[PDB]
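Chemist:
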Amino acid sequence: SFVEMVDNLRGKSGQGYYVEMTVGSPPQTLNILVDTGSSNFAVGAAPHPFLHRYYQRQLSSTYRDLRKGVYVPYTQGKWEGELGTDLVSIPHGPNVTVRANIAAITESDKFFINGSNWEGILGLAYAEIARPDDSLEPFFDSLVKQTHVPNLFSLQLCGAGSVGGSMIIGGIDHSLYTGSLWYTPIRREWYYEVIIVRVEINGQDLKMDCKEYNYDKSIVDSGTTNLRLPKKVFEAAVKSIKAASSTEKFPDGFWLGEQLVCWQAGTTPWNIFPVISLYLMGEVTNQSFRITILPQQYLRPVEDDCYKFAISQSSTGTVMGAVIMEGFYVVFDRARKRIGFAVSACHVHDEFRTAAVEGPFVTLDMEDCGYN
Ligand SMILES: CC(=O)N[C@@H](Cc1cc(F)cc(F)c1)[C@H](O)CNC1(c2cc(CC(C)(C)C)cs2)CC1
Numbered sequence: 038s039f040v041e042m043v044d045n046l047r048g049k050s051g052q053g054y055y056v057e058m059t060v061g062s063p064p065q066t067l068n069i070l071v072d073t074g075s076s077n078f079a080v081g082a083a084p085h086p087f088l089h090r091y092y093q094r095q096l097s098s099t100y101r102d103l104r105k106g107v108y109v110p111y112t113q114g115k116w117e118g119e120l121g122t123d124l125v126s127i128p129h130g131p132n133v134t135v136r137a138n139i140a141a142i143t144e145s146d147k148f149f150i151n152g153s154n155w156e157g158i159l160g161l162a163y164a165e166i167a168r169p170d171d172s173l174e175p176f177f178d179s180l181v182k183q184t185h186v187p188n189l190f191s192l193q194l195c196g197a198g209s210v211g212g213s214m215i216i217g218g219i220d221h222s223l224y225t226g227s228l229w230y231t232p233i234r235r236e237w238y239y240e241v242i243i244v245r246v247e248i249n250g251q252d253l254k255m256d257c258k259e260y261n262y263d264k265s266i267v268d269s270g271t272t273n274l275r276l277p278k279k280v281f282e283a284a285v286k287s288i289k290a291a292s293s294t295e296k297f298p299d300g301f302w303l304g305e306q307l308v309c310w311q312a313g314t315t316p317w318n319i320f321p322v323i324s325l326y327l328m329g330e331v332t333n334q335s336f337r338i339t340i341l342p343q344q345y346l347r348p349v350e357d358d359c360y361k362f363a364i365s366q367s368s369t370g371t372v373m374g375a376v377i378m379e380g381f382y383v384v385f386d387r388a389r390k391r392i393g394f395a396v397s398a399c400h401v402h403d404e405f406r407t408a409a410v411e412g413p414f415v416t417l418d419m420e421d422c423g424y425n
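Note that the sequence shown covers residues 38 to 198, 209 to 350, 357 to 425 in mature numbering (1 follows the signal peptide of the UniProt record, and there is no 0).
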């Protein structure tokens, strides 16, 4: 649901995906990063070395001040600014205009990125995690309350098939995937929180208490680049990934996500890097499904062929970031408290292996896999 939004995303590797928006009357055009890992809609509203444009409130006939300040601290970066409401629309989007909350960003630190082409962020997760508090209605919530747009969006993030993709607001576009959608419950409405019931690398169960995979949570987050795994899980995965690829040897800064590794163009040894299967809780009792990630997703290319290890240690739970979401079509079915995965039409290539969404699997005591 529908052709107008196909290919409405762009970006640079490791700097997120953005969609074109306009705010104010007359309309001012900004590129906005699409972030299911937070819930604030915020935009450059003042000069910055890295911004090529920004939101000019005084130039907008429709702007209203909320006379209240705001700040948001992300994993690394943070911004603060001023709350208002203005009229907002997505040009390659549904055909509508909403009055939404906007944080006019006045100061920032390590937020905007030099390469960038985006001037703001669209937090698509739920009011619970919004700043300054849950009474600040998120953008998707206002678009739903104010229009007829169904309460569902879908993200097809593609990986260089200078990245691109689609954000279908309001529905599912059957032209963007193959095979069956498989759905996992949204465990609680705050982040897009899910439960991982099993983990296998090259078909070997990690054999951990399934609570460790969700410790203290597992989320789907398009605003975080890497797959981020709890310490105990990170250690076990890097252990098997090391051993699968031991034929060759790598700097330590490589496994820590720091320094790139290189091979002669067209000779990257993909076969020595294992596939990772994440099993998600399903819709029916004792039933789950798996997504399989290929090394082409977790060895993210940096500009010979050169890559960073795109899995990292977490102390805040599992993060399924952009590299996991790439080559899947991921449906955020808020209306039904579920997230659907299918093989995307921009799926990642290997000459001998494929990324897959497969089910059904039987898995006992999936309830026990949730932390607390
Ligand atoms: C890398 C990163 O941090 N990405 C930002 C998006 C981003 C992209 C970018 F290019 C630059 C940034 F500074 C931020 C994304 O929201 C991360 N989502 C999560 C967190 C959100 C928050 C804020 C709350 C929800 C507590 C208010 C803290 S961790 C769950 C992990």
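Heads up, the beta-carbon is just placed ideally off N, CA and C, and yes, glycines get one too.
1) To the nearest angstrom, how far is it from the Cα of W116 to the Cα of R94?
2) Taking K361 as part of the beta strand (DSSP E), name the residues at either end of that continuous run.
3) Between which residues of its own chain and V43 is the CB-CB distance below 6 Å, once the five residues before and five after are set aside?
4) Taking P64 as the reference, give the member of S98, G53, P86, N77 with the closest Cα.
5) What residue range is occupied by the uninterrupted beta strand (DSSP E) comprising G160?
6) Would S76 and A162 be called neighbours here (beta carbons separated by less than 7 Å)?
7) Short check: CB of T225 to CB of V349, under 7 Å?
8) Is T143 near ligand 1 - that is, is its Cβ less than 6 Å away from at least one heavy atom of it?
9) Among the residues of its own chain, which have a CB less than 6 Å from the CB of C195, if the five just before and after it don't count?
10) How big is the Cα-Cα spacing for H129 and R235?
11) Kindly examine ligand 1 and report whether one of its heavy atoms sits closer than 6 Å to the Cβ of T271.
12) Could you give the first and the last residue of the continuous beta strand (DSSP E) run that contains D146?
13) Below 6 Å, is the gap between the Cβ of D263 and the nearest heavy atom of ligand 1?
14) Starting from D178 and walking both ways along the alpha helix (DSSP H), at which residues does that stretch end?
15) Consult DSSP for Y239 and reduce its assignment to one of helix, strand or coil.
16) Hey, is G370 close to ligand 1, as in C-beta under 6 Å from one of its heavy atoms?
17) Take every Cβ of the stretch 361-374, pair it with every Cβ of the stretch 302-315, and state whether three or more of those distances are shorter than 8 Å.
18) Return the CA-CA distance between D102 and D123, expressed in angstroms with no decimal places.
19) Quick one: what's got a C-beta closer than 6 Å to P298's C-beta in the same chain, skipping five residues either side?
20) Taking 8 Å as the cut-off, does the stretch 276-283 touch the stretch 253-264 (at least 3 CB pairs, one atom from each stretch)?
21) Please name the residue or residues paired with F394 in a DSSP beta bridge.
22) With DSSP as the reference, please indicate the residues paired to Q193 in a beta bridge.
23) Going by DSSP, what residues sit across from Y326 in a beta bridge?
24) Let me know if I319 comes out buried or exposed under the rule of 16 or more other beta-carbons within 10 Å of its beta-carbon.
25) Over what stretch of residues does the alpha helix (DSSP H) that includes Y345 continue unbroken?
26) Nearest-angstrom Cα distance between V107 and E240?
27) Out of curiosity, what's the CA-to-CA distance linking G380 and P316?
28) Fully enclosed by the stretch 58-111, which beta strand (DSSP E) runs are 3 residues long or longer?
29) Output needed for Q113: all residues of its chain with C-beta closer than 7 Å, excluding positions within five of it in sequence on either side, in chain order.
30) Measure the beta-carbon distance from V135 to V125 and round it to whole angstroms, keeping in mind my assumption that it falls under 8 Å.
31) With burial defined as no fewer than 16 other Cβ atoms inside 10 Å of the residue's Cβ, what is the status of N273: buried or exposed?
32) Starting from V285, trace the alpha helix (DSSP H) in both directions and tell me its first and last residue.
33) I need the straight-line Cα distance from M419 to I266, nearest angstrom please.
34) Closest by CA to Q183, which one among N151, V133, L67, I392?
35) How should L303 be labelled, buried or exposed, when 16 other C-beta atoms within 10 angstroms of its C-beta is the threshold for buried?
Modeler: Based on what the coordinates show:
1) 18 Å
2) 358-362
3) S213
4) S98
5) 157-160
6) yes
7) no
8) no
9) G211, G212, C399
10) 30 Å
11) yes
12) 135-146
13) no
14) 176-183
15) strand
16) no
17) yes
18) 9 Å
19) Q306
20) yes
21) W229, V383
22) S213, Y382
23) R245, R337
24) exposed
25) 342-345
26) 25 Å
27) 20 Å
28) 65-72, 78-81, 101-110
29) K147
30) 6 Å
31) buried
32) 278-291
33) 16 Å
34) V133
35) exposed
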